[PDB]
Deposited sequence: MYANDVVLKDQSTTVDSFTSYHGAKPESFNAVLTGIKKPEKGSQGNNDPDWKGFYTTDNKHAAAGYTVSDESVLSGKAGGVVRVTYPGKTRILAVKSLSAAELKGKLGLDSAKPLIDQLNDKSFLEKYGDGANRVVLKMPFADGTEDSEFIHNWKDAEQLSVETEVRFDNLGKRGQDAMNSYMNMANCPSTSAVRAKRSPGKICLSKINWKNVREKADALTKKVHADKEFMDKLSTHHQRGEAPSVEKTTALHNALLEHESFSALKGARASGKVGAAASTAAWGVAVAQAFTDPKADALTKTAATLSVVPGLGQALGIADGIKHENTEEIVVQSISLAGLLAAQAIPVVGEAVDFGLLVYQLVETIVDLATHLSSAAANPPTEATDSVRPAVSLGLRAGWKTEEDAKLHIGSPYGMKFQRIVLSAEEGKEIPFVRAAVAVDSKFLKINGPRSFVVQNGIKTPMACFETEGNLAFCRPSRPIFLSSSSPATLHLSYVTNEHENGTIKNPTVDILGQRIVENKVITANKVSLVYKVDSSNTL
């Protein structure tokens, strides 16, 4: 009895949501159709289909472009409704081969592509015009996901729920604010952020930092505490922090910063030192590649006190003032080699980059923890911690029914640490093992973030979060890696591991990324 009647329903005018990337939103709005380019929902042919969700906020998080990193460009969410009655069939989390057999399908054709079988429809349809499969394989969310037959999905009426592609590189600002709207009235840990307008934050922080560095009298005194380009220490960076807090423009934040109510001088100073060390990387560029470096420096949230700032009565001002101070501090501390860049343009880029990162962090900080901290055989390194969800997750089955496999890894940090999750390195083999990017995600505090996976095809592949992910004890994350297996004989994996890459390491101009490695067992038994 593979059907789960308690979750299966028959719905009239069935409506669900689908998030589309900038390149695909316009084609999706004009009609749902199997794309010729891409994976068509799954690298496993059995599960190829149109994927929707009952959570329009979760669909909004799948509008981020994965063309670039921190591009700020988003697509939009479509509301898709069927004519007539639809059967949402819930089934057990089993392999497609087993599902095909227990539901009376042909084993030699894809499972989802057969949801419109005449015989299958009569037996399980409950009289409905079609059947849409509720997603068997799990997700960290309390949301429900649906897999549609590609030919059936052509019958959907498509409408715009929300779109961000007309905002250009400010689209993800609106996506972040729209997703957070699930926390707003009509929940002690769930914070509504409606009092923060990201356009206000960017414009006010740009004005505030401009007024400060245009005060030549004040800026010269800032040269006594620290001279731009010289080696910055925690003592120098802390004094530079408090010298900046003395300016009239930071009066709303001075008290709360000095007391620990919003952040701490020691947290911003430690982040400033780490930002200056990270920019000694010859490949880095503070003016033209600001996001690349700031994205891999730990503790940006605590350098802003963002978890504190979003609960303050004067929220927008506190956030503007905390971001402004951190931008001015980083610009004063960043190493100078050769001709120094224009300080005003440097502060502008630093403020812009900080806001690009704070938006995503503020969304995660407004949500209570949802992911387990317990793992099997955790690995730790420089604050970074990764472990297997359960014993069963530390496995890869390349035999028996071939197809979609899953691996769940617990991602966290040591107490007081905030580690960027940059990417995961996984094993692939062009003959029999594929990474399944569209179906890979990371769950943190109820937010589901898609993964963008690329091929080195030296039997290695890299997967990166399409949105910045920072790991802490208070915000543990679960990485859901999806693989696809196909039929082979005598195939093997010489490196059965998963690498977790974090913050940048710098030792005497030499650069690497913080890494932890987990090892799994490869099962080649085609018995089960």
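Chemist: Please list, in sequence order, every stretch of the deposited sequence that lacks C-alpha coordinates.
Modeler: Gaps vs deposited seq, in order: 1-4, 191-198.
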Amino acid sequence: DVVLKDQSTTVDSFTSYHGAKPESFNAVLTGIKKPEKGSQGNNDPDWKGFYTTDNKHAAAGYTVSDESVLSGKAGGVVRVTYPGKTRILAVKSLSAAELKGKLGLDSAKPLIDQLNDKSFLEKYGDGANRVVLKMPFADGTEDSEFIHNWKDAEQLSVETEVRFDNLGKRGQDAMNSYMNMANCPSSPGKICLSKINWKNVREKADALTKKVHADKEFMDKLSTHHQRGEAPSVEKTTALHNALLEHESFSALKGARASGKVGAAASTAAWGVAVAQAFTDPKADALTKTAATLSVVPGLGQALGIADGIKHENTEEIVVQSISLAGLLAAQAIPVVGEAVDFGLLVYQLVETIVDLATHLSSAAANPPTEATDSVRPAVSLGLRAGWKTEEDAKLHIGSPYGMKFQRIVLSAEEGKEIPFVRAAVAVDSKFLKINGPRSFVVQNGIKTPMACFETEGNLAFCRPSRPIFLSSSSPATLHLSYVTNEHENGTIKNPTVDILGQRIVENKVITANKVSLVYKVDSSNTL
From here on, numbers count along this sequence of modelled residues.
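Chemist: Averaging the C-alpha B factors as listed in the entry, name the stretch that ends up higher: 163-171 or 373-381.
Modeler: Between 163-171 and 373-381, it is 373-381.
Chemist: Would you mind comparing 323-331 and 85-93 for me and telling me which has the higher average C-alpha temperature factor in the entry?
Modeler: Per the deposited B-factors, the answer is 85-93.
Chemist: Can you tell me which of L99, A252, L357, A307 has the highest Cα temperature factor in the record?
Modeler: Within the set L99, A252, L357, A307, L99 shows the top C-alpha B-factor.
Chemist: Among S68, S482, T497, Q40, which carries the highest Cα B-factor?
Modeler: Out of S68, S482, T497, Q40, the record gives the largest C-alpha B-factor to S68.
Chemist: Would you check the entry's CA temperature factor for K195 and let me know if it's in the chain's lowest, middle or highest third?
Modeler: Tercile = middle for this residue's CA B-factor.
Chemist: Among the modelled residues of its chain, does the C-alpha B-factor of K515 lie in the lowest, middle or highest third?
Modeler: Answer is middle: the recorded C-alpha B-factor places it there.
Chemist: Among the modelled residues of its chain, does the C-alpha B-factor of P438 lie in the lowest, middle or highest third?
Modeler: It falls in the middle third of the chain.
Chemist: Name the third of the chain's ranked CA B-factors that contains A108, choosing lowest, middle or highest.
Modeler: It falls in the top third of the chain.
Chemist: Select lowest, middle or highest to describe the third in which the CA B-factor of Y124 falls within its chain in this entry.
Modeler: Its C-alpha B-factor belongs to the highest third of this chain's values.
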